[PDB]
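Participant: Got a structure here, written out as structure tokens. Questions coming.
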Amino acid sequence: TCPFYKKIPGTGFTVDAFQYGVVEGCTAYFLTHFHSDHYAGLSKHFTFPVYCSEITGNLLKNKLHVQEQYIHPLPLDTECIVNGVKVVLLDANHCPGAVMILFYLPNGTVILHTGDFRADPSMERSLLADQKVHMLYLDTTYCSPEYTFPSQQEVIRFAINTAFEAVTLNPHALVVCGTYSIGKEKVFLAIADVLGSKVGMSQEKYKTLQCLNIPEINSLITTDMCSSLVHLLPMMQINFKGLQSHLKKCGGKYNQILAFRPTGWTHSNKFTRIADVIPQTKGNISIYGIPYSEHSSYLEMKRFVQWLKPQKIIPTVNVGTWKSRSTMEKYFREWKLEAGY
Ligand code: NI
């Protein structure tokens with residue numbers, strides 16, 4: 001059945017709750033972003049109002065064929081009324097089109113649902129600064145102190161420098177980048193930019209990127225693989241067998257692959273700095289795992305929560321085991337005692 005952490009009390013609303021059939025008492029279904037664990041259940045047959053960002057509404061219409069009459073896109077940073085309740089959508093610093101949602105309940109309670117987010121000090125200057133938030137529905141993906149990772153900018157600098165050096169040493173090297181969802185487009189776009197190439201990809205992935213309102217996108221991507229030396233492939237194909245096979249398909253245009261797998265966290269983060277990352281190599285194929293995250297590190301999460309000072313936290317991730325739930329609740333209490341709220 002629908003879990004309680006997907007329901008907004010005092011409303012008829014749910015968040016990211018499309019796989020439970022008709023939810024009893026739901027008058028509006030919000031969708032924070034276009035990732036499959038969150039949209040699971042949507043299709044052209046859905047006939048309830050869906051509230052979301054413009055970009056998420058482009059993907060629902062073009063990729064899932066949801067009918068336009070049921071898609072309700074809202075502008076960001078703007079007070080809107082939905083079924084009698086004031087809401088605001090805020091940028092979540094996740095994937096394109098991903099939002100956080102502020103609900104202003106009729107009784108005076110204010111609720112923030114973060115969806116999936118990567119906390120940032122810039123958020124401390126949005127419309128969140130303007131009033132008190134009583135309850136927080138929190139993306140707790142990496143809520144444990146082992147989870148450190150570098151800034152997105154440091155990771156992009158590493159990838160650009162690595163790729164430019166490799167292709168300048170060997171003009172016959174191909175760069176490949178893995179993907180299985182929207183997000184992390186900076187990785188492949190930044191590498192293609194330094195090399196003076198467009199990114200080549202399948203028709204399906206091109207269609208998906210053309211929904212994202214990214215500026216000057218017609219200048220950066222293409223479905224012509226032959227004209228491109230940065231190729232995107234399914235994350236599943238980023239392994240030695242998959243890559244050897246791809247290289248056969250390029251007809252002797254290239255004699256080396258340098259590939260990137262933008263993972264979330266990996267336990268090489270506990271020891272190894274970004275400056276010291278090395279690839280896995282077989283023959284003329286090298287694979288780099290780079291820690292490009294679109295979720296909060298532990299310290300990032302902790303700073304946001306100690307700034308916001310919520311009265312109650314409701315985790316939305318890692319809620320399935322008692323040991324995870326108990327560990328998270330111990331951290332929330334530490335943060336509250338350290339900061340004095
Ligand atoms: Ni997500």
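For the structure tokens, the naming scheme is as follows: chains receive sequential letters (A, B, ...) according to their order of presentation, residues are indexed from 1 within each chain, and ligands are indexed from 1 in presentation order.
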Do you know which residues are at most 8 Å from residue A:187 counting only C-alpha atoms, after dropping those on the same chain fewer than 5 positions away, and could you put them as an MDAnalysis selection string?
Facilitator: chainID A and resid 156 159 262
Participant: List the spatial neighbours of residue A:258 as a PyMOL selection string - criterion: any atom at most 9 Å away, only C-alpha atoms, same-chain residues fewer than 5 positions off excluded.
Facilitator: chain A and resi 163+166-167+173-177+284-288
Participant: Would you mind listing the residues within 10 Å of ligand 1, counting only C-alpha atoms and all ligand atoms, as an NGL selection string?
Facilitator: :A and (32-38 or 94-95 or 98 or 115-117 or 139 or 141 or 181-183 or 294-295)
Participant: Residues near residue A:328, anyone? I mean within 10 Å using only C-alpha atoms, not counting same-chain ones fewer than 5 positions away, as a list in words.
Facilitator: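 Counting only C-alpha atoms, the residues come to residues 140, 143, 144, 315, 318, 319, 322, 323 and 333 of chain A.
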Participant: Can you measure atom CA of residue A:278 to atom CA of residue A:221 for me? One decimal in Å is fine.
Facilitator: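 Separation between atom CA of residue A:278 and atom CA of residue A:221: 28.1 Å.
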Participant: Using atom CA of residue A:303 and atom CA of residue A:149 as the two end points, give the distance in Å to one decimal.
Facilitator: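 Pair atom CA of residue A:303 / atom CA of residue A:149 returns 15.0 Å.
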Participant: Using only C-alpha atoms, which of A:194, A:138, A:119, A:257 sits nearest residue A:157?
Facilitator: A:194
Participant: Identify, on the basis of only C-alpha atoms, every residue whose closest approach to stretch 43-57 of chain A does not exceed 10 Å; exclude the query and any residue fewer than 5 positions from it along the same chain; express the result as a PyMOL selection string.
Facilitator: chain A and resi 15+18+21-22+26-35+62-76+82+89-91+96-99+101+211-214
Participant: Let me make sure I understand: among A:3, A:242, A:297, A:146, which one has the smallest atom-to-atom distance to residue A:320 if we use only C-alpha atoms?
Facilitator: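 Of A:3, A:242, A:297, A:146, the one nearest residue A:320, counting only C-alpha atoms, is A:3.
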Participant: Write out as a ChimeraX atom specification each polymer residue whose atoms come within 10 Å of residue A:171, counting only C-alpha atoms; drop sequence neighbours fewer than 6 positions from it.
Facilitator: /A:229,254-256
Participant: Restrict the selected residues to N, CA, C and O atoms and save them as a compact mmCIF listing (two decimals), in the first residue's frame.
Facilitator:
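Saved to part-v4.txt:
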# COMPACT_ATOMS: atom_id res chain seq x y z
N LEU A 229 33.37 12.24 -31.88
CA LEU A 229 34.32 11.40 -31.11
C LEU A 229 34.12 11.34 -29.59
O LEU A 229 35.05 10.91 -28.83
N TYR A 254 39.00 4.43 -35.05
CA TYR A 254 39.64 4.57 -33.76
C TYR A 254 40.39 3.29 -33.33
O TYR A 254 40.00 2.20 -33.66
N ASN A 255 41.44 3.47 -32.54
CA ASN A 255 42.31 2.41 -32.05
C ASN A 255 42.50 2.39 -30.50
O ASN A 255 43.30 1.65 -29.99
N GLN A 256 41.71 3.18 -29.76
CA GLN A 256 41.81 3.27 -28.30
C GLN A 256 40.44 3.83 -27.82
O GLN A 256 39.82 4.61 -28.53
Participant: Using only C-alpha atoms, determine which residues lie at most 9 Å from residue A:104, disregarding the query and same-chain residues fewer than 5 positions distant; provide the list as a PyMOL selection string.
Facilitator: chain A and resi 85-88+109-111
Participant: Check stretch 105-324 of chain A with DSSP on the backbone and list each residue it calls helix (DSSP H, G or I), as a PyMOL selection string.
Facilitator: chain A and resi 121-125+127-130+152-169+185-195+203-210+217-219+225-227+235-237+240-249+298-308+322-324
Participant: Mind writing the picked residues with C-alpha atoms as a short mmCIF file (atom, residue, chain, number, x, y, z; two decimals), in the first residue's frame?
Facilitator:
data_model
loop_
_atom_site.label_atom_id
_atom_site.label_comp_id
_atom_site.auth_asym_id
_atom_site.auth_seq_id
_atom_site.Cartn_x
_atom_site.Cartn_y
_atom_site.Cartn_z
CA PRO A 121 24.34 26.86 0.55
CA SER A 122 22.51 28.65 -2.36
CA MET A 123 19.30 27.19 -1.06
CA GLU A 124 19.71 29.23 2.20
CA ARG A 125 18.82 32.29 -0.04
CA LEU A 127 12.09 31.51 -0.66
CA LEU A 128 13.01 29.04 2.10
CA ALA A 129 14.69 31.85 4.07
CA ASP A 130 11.31 33.73 4.45
CA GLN A 152 30.84 18.65 -9.06
CA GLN A 153 33.27 21.33 -10.35
CA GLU A 154 36.36 19.36 -9.15
CA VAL A 155 35.08 16.18 -10.82
CA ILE A 156 34.37 18.00 -14.13
CA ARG A 157 37.87 19.56 -14.06
CA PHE A 158 39.39 16.08 -13.67
CA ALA A 159 37.31 14.59 -16.54
CA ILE A 160 38.03 17.54 -18.97
CA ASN A 161 41.85 17.44 -18.24
CA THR A 162 41.98 13.59 -18.59
CA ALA A 163 40.07 13.52 -21.86
CA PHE A 164 41.91 16.50 -23.49
CA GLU A 165 45.35 14.97 -22.57
CA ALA A 166 44.38 11.53 -23.99
CA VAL A 167 42.99 12.70 -27.30
CA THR A 168 45.85 15.20 -27.84
CA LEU A 169 48.39 12.35 -27.27
CA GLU A 185 24.77 15.73 -18.54
CA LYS A 186 27.66 18.10 -17.53
CA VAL A 187 30.06 15.08 -17.69
CA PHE A 188 29.64 14.37 -21.43
CA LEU A 189 28.86 17.95 -22.51
CA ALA A 190 32.02 19.37 -20.82
CA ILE A 191 34.27 16.67 -22.38
CA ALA A 192 32.72 17.22 -25.89
CA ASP A 193 33.20 21.00 -25.51
CA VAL A 194 36.97 20.75 -24.77
CA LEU A 195 37.41 18.33 -27.74
CA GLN A 203 17.68 8.37 -31.29
CA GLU A 204 15.94 7.51 -27.94
CA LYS A 205 18.54 9.38 -25.86
CA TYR A 206 18.60 12.35 -28.26
CA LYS A 207 14.79 12.66 -27.94
CA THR A 208 15.13 12.63 -24.11
CA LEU A 209 17.79 15.39 -24.14
CA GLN A 210 15.71 17.53 -26.49
CA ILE A 217 21.57 22.07 -27.23
CA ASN A 218 21.27 21.73 -31.07
CA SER A 219 24.97 22.83 -31.17
CA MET A 225 27.87 8.73 -34.62
CA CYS A 226 30.34 9.03 -37.51
CA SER A 227 30.77 12.81 -37.05
CA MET A 235 25.78 2.22 -18.59
CA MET A 236 25.44 -1.58 -19.04
CA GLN A 237 27.76 -1.49 -22.06
CA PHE A 240 35.61 -4.42 -21.50
CA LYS A 241 33.40 -6.76 -23.58
CA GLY A 242 30.84 -4.04 -24.38
CA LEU A 243 33.53 -1.53 -25.30
CA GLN A 244 35.60 -3.94 -27.48
CA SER A 245 32.33 -4.65 -29.34
CA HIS A 246 31.55 -0.96 -29.83
CA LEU A 247 35.08 -0.30 -31.15
CA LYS A 248 34.54 -3.00 -33.84
CA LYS A 249 31.45 -1.01 -34.99
CA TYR A 298 26.63 13.67 4.66
CA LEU A 299 28.19 17.08 5.51
CA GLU A 300 26.03 18.88 2.88
CA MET A 301 22.87 17.27 4.27
CA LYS A 302 23.85 18.03 7.86
CA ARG A 303 24.55 21.78 7.11
CA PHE A 304 21.13 22.20 5.33
CA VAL A 305 19.20 20.59 8.16
CA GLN A 306 21.10 22.54 10.95
CA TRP A 307 20.32 25.75 8.95
CA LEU A 308 16.63 24.93 8.43
CA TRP A 322 15.27 -1.13 11.25
CA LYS A 323 19.07 -0.69 11.52
CA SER A 324 19.01 2.05 8.83
#
Participant: Provide the atom CA of residue A:197 to atom CA of residue A:118 distance in Å, to one decimal place.
Facilitator: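 So the two atoms, atom CA of residue A:197 and atom CA of residue A:118, lie 29.6 Å apart.
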